[PDB]
Structures are given as C-alpha cells and as structure tokens.
C-alpha cells in the first residue's frame, strides 16, 4: 500500500495517539503536517508502549517497519498488520485482543518474536502460526485459552521460548510439543491442567526450564505415572514461579503433595 500524494498524518492514521506516534517518529512538528510515501518508507522501528493507541489504521503504509513495540495499548483489531512483511518483532502484549483473524500472520514470515500476552484471547485459529517458520519466541501468557488446536505449534521448528502460563488450559493436545526440538523455555503454570498426554515432553530434548506449578494435577494412578516419572528424571528443569529449581512445585490437587512423590504400583 502506497499514498500517491502528500497527505496529513492525521488523515492517514485516524487514531490520535498513533498519529502523534508517527509524528514524533518522523520528527514532524504536528499531526497536521503532510507526509510522503518516502518518509513513511523510512520507518524501521515504532516504539509506543503504553501510548493509549486504540487503532493502528494507517500502519499498512509502512512497508519497511521491522520492529513494532505496541505493548500496553488499547488495540482490539490488528487487521492492518497483515502485509507488514518485514516484521521481525511484533509486541502486542497488554492490549484488548479477544480474537485473531484467521491467517493474520500468514505473510509475516520473517517474524522471530511474537508476544500476545495479557490480552483476552478466547481461542487461537487453526493454523494461525503455520507460516511463522522462523519464529523463536511466542508468548501467550495471561489470556483465556481453554484449549489449543491440534498441531498449533507444529510448524515452529525453531521455537526457543513458548509461554502458555496464566491461561485456562483444560488439556494439552496429544503431540502438541512434538516438533519443538529446539524449545528451551516452556511455561505452563497457572492453568487448569489435571493431566498431560503420555510422552508429551519426550521430544523436547533442548528443554532447560519448565513451569508446571498451580495446576490441579490429578495424582491418581496410573494416569499420573508419566508426569511423575518425567519430573523425577528432569528435576533440575522444573522451576517455581520465583524462578528457582523446584521439582516439588508441581502439586497434586487435594493433598498438595508433590507430583513427583507419587509412585504407581
């Protein structure tokens, strides 16, 4: 997308905060100033955390934007990001996203960092991350996910960090982590998980840190056998919310005994 004639910032970016943002970025004197496409082409980095931005309408005119720090605003719509193909870092944490368009990230194939935390996401579309083959960090902390689509991470073979804590996850799909052989950091704490699929962690051969605390683990046998044996075999990998090694941090619901203390006949 291209503007053909000089146009006021205020007209390209109808959001008052975001227009102010573009003006400061281009060092203009006021949002009434007209801008060219070559000036918009010059924008590589937008950083506007906690800026009261309610829409990024107009951002589609920034073909070279590569780093987008938009955490802590009031966005509920991100449709205009769809063709920002040079994005490598997209921080949308702390906005008002309740859902994501199907295929919204499909053209953002250079994305490395995608942070969607502290929103109100109720679900993830099937295949929403499939085109992000270069993604290394995905954060979905503090949303309202109760389930995940089968295979939702399968294309993220380079993923290094995956944050799924403080959701409402009732269950993990079988095989959900099977392709993440480079994954080093996995948060699953503060969800509603009573169990995991047998073998769910067995392809995570680079894993260094995992959070499993504040889940209502069902410690009846034989269902708990895999998770108990895994923690015992990975006792230095489990971290508590404070960040310390704490294999006992994964607790049985009801009794509060450590999951790893359970022995099944």
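Positions refer to the first chain, counted from 1.
Mean CA temperature factor is higher for 30-38 when stretches 220-228 and 30-38 are set side by side in the entry. Per-stretch averaging of Cα B factors for 97-105 and 157-165 places 97-105 on top. Within the selection 212, 48, 196, 204, the deposited Cα B-factor values reach their highest point at 48. Per the deposited record, the Cα B-factor of residue 208 falls in the lowest third when ranked against the other modelled residues of its chain.
Annotation for residue 73: C-alpha temperature factor in the highest third relative to the rest of the modelled chain, per the entry. When the modelled residues of the chain are ordered by C-alpha B-factor, residue 86 sits in the middle third. When the CA B factors of the chain's modelled residues are split into thirds, the value for residue 189 lands in the lowest one. In this PDB entry, the Cα temperature factor of residue 150 sits in the top third of its chain's modelled residues, the highest group.
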